[PDB]
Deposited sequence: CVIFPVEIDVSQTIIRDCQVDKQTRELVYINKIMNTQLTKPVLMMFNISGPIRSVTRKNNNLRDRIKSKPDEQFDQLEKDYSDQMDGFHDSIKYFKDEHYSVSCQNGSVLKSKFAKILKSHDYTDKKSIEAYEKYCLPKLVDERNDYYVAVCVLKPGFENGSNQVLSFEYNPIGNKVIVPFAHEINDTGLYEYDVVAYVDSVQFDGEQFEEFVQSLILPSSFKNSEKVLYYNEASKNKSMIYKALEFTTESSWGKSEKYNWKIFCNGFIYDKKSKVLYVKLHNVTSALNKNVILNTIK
């Protein structure tokens, strides 16, 4: 009977200067009220200048960007910049730094739990810390009052180091070695990487219509298009659940749709800027 609406994860990361980029991160975590202070962490390809706070509106305006570029595919029938404000606190440090003081930092963020700092320290920090470099980590802790208002979408003004862009897909580590994804992202000003998209897409497990005779197919339709899709026949050749990555070679844009698909990979998409 009951019709359901998802509460997923929307990402738009745009190049604004020849030096600066803006990241809008709207995440399910931010749509709850006051389970006490909450915490998020991701990687950014560079230092954060400002953490603005747009309209609980910018949400669905960004989302449509690829739902639209995918809906056509278907066929249905070394320091710690601190940024505090009224209800949230944010930090921008290096992974090696966050590792090193990981605990004190969250305590400075008025996090200060116990099992949790142990939990996050254990399950998430390992996944947003690498060898190659010292990618920055965004340590965000939304506090209570956050729930009030219609300006609960966040913006991170930042300037990429080297010429890379990171799209914060990676989840925390779980025992069952499987990750369930629900994300849409708009990312412009990055060079195509058919290699890594290909790897990420082939690792996906779409959902099912329970229509026994359905076959999941894989596509690389060079704009380049690398996705998977659930197909079957009702005369009527359905082609739903297209999930994956579309890449405009004109606009030089990237639409990413990983909506309710399960993968064993747990990584961010890392790109180069033009």
Sequence ranges absent from the coordinates, based on the deposited chain and numbered from 1
1-4, 82-89, 235-237, 250-257, 298
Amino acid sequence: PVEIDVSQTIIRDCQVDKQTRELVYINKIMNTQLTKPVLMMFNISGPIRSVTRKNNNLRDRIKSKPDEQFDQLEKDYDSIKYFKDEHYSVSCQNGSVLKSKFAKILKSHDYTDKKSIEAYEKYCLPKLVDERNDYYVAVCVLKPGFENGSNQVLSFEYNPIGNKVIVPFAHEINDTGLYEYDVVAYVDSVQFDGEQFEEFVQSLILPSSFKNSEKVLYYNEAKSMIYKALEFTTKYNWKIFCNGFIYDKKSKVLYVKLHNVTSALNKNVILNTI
From here on, numbers count along this sequence of modelled residues.
Per the PDB entry, mean CA B-factor is higher for 50-58 or 28-36, namely for 28-36
Report the stretch with the higher mean CA temperature factor, choosing between 12-20 and 255-263 on the basis of the entry.
12-20
Looking at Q93, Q152, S155, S203, which has the highest CA B-factor as recorded?
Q152
By the entry's C-alpha temperature factors, tell me which of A222, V216, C242, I44 sits highest.
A222
Per the entry's values, where does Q191 land by CA temperature factor relative to the rest of its chain, in the lowest, middle or highest third?
middle
Among the modelled residues of this chain, does the Cα B factor of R132 put it in the lowest, middle or highest third?
highest
Could you look up the Cα B-factor of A185 in the entry and say which third of the chain it sits in: lowest, middle or highest?
lowest
Third of the chain's Cα B-factor distribution that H171 belongs to, per the entry:
lowest
Divide the modelled residues of the chain into thirds by Cα B-factor and specify which third, lowest, middle or highest, holds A103.
middle
